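Each chain is listed here by its residues.
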Amino acid sequence: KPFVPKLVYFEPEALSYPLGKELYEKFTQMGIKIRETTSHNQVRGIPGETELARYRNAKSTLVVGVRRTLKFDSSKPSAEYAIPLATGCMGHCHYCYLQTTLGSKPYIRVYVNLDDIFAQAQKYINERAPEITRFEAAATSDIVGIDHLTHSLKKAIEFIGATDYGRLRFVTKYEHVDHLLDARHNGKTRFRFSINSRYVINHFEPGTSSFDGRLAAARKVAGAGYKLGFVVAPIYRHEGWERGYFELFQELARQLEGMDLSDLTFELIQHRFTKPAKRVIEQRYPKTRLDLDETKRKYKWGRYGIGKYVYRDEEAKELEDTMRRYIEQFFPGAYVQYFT
Ligand SMILES: C[Se@@+](CC[C@H](N)C(=O)O)C[C@H]1O[C@@H](n2cnc3c(N)ncnc32)[C@H](O)[C@@H]1O
Ligand code: SF4
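- Per the PDB record, the structure was determined using X-ray crystallography to 2.00 Å resolution.

**Structural notes on the pattern of salt bridges**
- Tallied over the full model, the rule gives 23 salt bridges.
- For the salt bridge of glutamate 80 with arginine 128, the shortest nitrogen-to-oxygen distance reads 3.8 Å. Linking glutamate 80 in strand β5 (residues 79-82) with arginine 128 in helix α3 (residues 114-128), this pair joins segments that are 48 residues apart in sequence.
- Given a relative accessible area of 19%, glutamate 80 falls into the buried group.

**So, the sheet that holds strand β7 (residues 108-111)**
- Ordered by their spatial adjacency, five strands build an open sheet running β2-β1-β3-β7-β6, and the pairing between neighbours is mixed. Looking at strand neighbours, the two that pair on one side only are β2 (33-36) and β6 (86-87), the edges of this open sheet.
- Its contacts with the sheet put helix α1 (residues 18-29) on β1 (7-10), β2, β3 (61-65) and β7, and the angle it makes with β1 is roughly 150°.

**Comments concerning the domain arrangement of the protein**
- We note that the domain assignment places domain 1 (1-113) and domain 2 (114-340) within the protein.
- For domain 1 versus domain 2, the distance between C-alpha centres works out to 21 Å.
- Contacts between domain 1 and domain 2 engage 44 residues on the former and 58 residues on the latter.
- A buried area of about 4,500 Å², summed over both sides, lies between domain 1 and domain 2, and 65% of it is on carbon and sulfur atoms.
- Linking domain 1 with domain 2 are 25 residue pairs in polar contact, by the criterion used here.
- Examining the composition of the side of domain 1 that touches domain 2, we find that four residues originate from one element, β5, more than from any other.
- A breakdown of the residues in the side of domain 1 that touches domain 2 according to their chemical character gives 28 nonpolar, 10 polar and six charged.

**Re the UniProt feature "domain: Radical SAM core" (unreviewed entry) in the protein**
- As recorded in UniProt, the feature "domain: Radical SAM core" (unreviewed entry) lies at residues 75-303.
- Its end C-alpha atoms 15 Å apart, residues 75-303 is made of 32% helix and 21% strand.

**Re the side chain of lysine 188**
- Position of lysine 188 among the secondary structure elements: in the loop between β9 (166-172) and β10 (189-195).
- One buried charged residue, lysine 188, forms no salt bridge at all, with the nearest opposite charge on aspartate 164 at 5.7 Å.
- Within the local environment of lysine 188, its side chain forms a polar contact with the backbone oxygen of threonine 163, the two atoms lying 3.4 Å apart.
- Discounting residues that sit within four places of it in the chain, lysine 188 has contacts with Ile160, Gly161, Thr163, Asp164, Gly166, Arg167, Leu168 and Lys227.

**Re the site of ligand 2**
- Lining the immediate surroundings of ligand 2 are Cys89, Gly91, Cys93, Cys96, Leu98, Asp142 and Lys173.
- Looking at side-chain class alone, the shell around ligand 2 contains four nonpolar, one polar and two charged residues.

**Points about the pairing of β10**
- With respect to burial, β10 is a largely interior element, seven of its seven residues being buried.
- By the alternation rule, side chains of β10 split into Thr189, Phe191, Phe193 and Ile195 and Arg190, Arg192 and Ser194, which are all buried.
- Sheet analysis places β10 next to strand β11 (residues 227-235), joined by six bridges and oriented parallel. Across the sheet, residue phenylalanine 193 finds its bridge partner in β11, namely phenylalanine 230.

**Thoughts on the site of ligand 1**
- Taken together, 18 residues surround ligand 1, and among them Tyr95, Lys173, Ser194, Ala233 and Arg272 come closest.
- Residue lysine 173 places a side-chain N or O atom 2.7 Å away from an oxygen atom belonging to ligand 1.
- In isolation ligand 1 has 550 Å² of accessible area, and contact with the protein removes 94% of it.
- Where the shell around ligand 1 is concerned, the elements lending two or more residues are β9, β11 and β12 (265-270).

Definitions and cut-offs
Residues numbered from 1 in each chain as written, not as in the entry; some residues may be left out. Chains lettered and ligands numbered in written order. Heavy atoms only, no water. Salt bridge = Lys/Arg side-chain N within 4 Å of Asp/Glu carboxyl O. Helix = DSSP H or I, 4+ residues; strand = E, 2+ residues; numbered from the N terminus. Buried < 20%, exposed > 50% of the residue type's maximum accessible area, 1.4 Å probe, protein only. Pairing = 2+ DSSP bridges. Contact = heavy atoms within 4.5 Å. Axes fitted to C-alpha atoms, helices over the stretch in contact; angles between N-to-C directions. Domains from an automatic or database assignment. Buried area = accessible area lost by both parts, 1.4 Å probe. Polar contact = N/O pair within 3.5 Å; in protein donor to acceptor, adjacent residues only side chain to side chain. Nonpolar A, V, L, I, M, F, W, Y, C, P; charged D, E, K, R; others polar. UniProt positions renumbered as here; feature names shortened; annotations may be inferred. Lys, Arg positive; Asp, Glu negative; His and termini not counted. Near = heavy atom within 4 Å. Areas by Shrake-Rupley, 256 points an atom, 1.4 Å probe, with all protein chains shown as cover.

Below, the structure is given as structure tokens:
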């Protein structure tokens, strides 16, 4: 069940680094089809005659390259910066906002020059010290779901664990966390899981681990000493959402009863979509129940790029207040970091 690619691309320069050498040896030993590419941002010859075929095949394709853009993007409100360990995901969440993010690729991409990346991370920490600097490792990927192949996240966790003023955080929809349990995190990593109503998970989250799988992993990471959190997103106003999300928090509390939840955190993100989302999503998921009706939404204009549609102010406030009530009921003391 853990992700294994059916096609792997390598940058020639990637083989000069330990991870690239290790991955090349791994996949050749497995007999998997391996190709060369000049740049990880320009991958040619992904099989498929239709757009849907090429998209689906890309989702089973791994690309191993070198990170050359060492300037870290901002990752607010989650963290100060996004640490770039990987990009892309094997999941097929119908609503995934990465689909329409500028310059996003459907294939999974891992970076091998971890010395350069952690060194730059340390520079950002030093620049802000003694203030705390948080890094988001899953801003443009499901870093946890991919990590059993590389252990790049494990190395990042222990790198941050050794720092005085550095903190790490990431969120996942995958249960494959066994290799991370003995990591020397030193209490400086927030391990989060994306959760949602039964409606949203069943209809819009194929190719990910089940709710029970995510919670089993949540119990594992909490027992291993990680700081635990949840991300309720996308908060989606489906038919019967009020009761749907009520039963989510009720079941979440039931599956976490007995554990210490004094330092538990919640993050809330309402469903959002961009102008090109409808054409992209309808092409990739023709039978989706996802409502992308812009006429009943509020548009927030972009700054340097394009904007996004979110629920109207009164609908958004209704979602926020209701979610805060459920968290207050089932998890008293737990901290809601934000609603957006
Ligand atoms: C980009 Se997701 C990367 C991390 C990992 N692969 C994961 O799924 O947890 C980060 C979060 O954002 C949510 N999310 C994704 N799309 C949307 C969206 N369109 N509207 C509102 N929220 C959206 C997802 O449910 C995640 O909780
Ligand atoms: S698991 Fe996360 S990154 Fe992957 S498709 Fe779903 S929302 Fe997107």
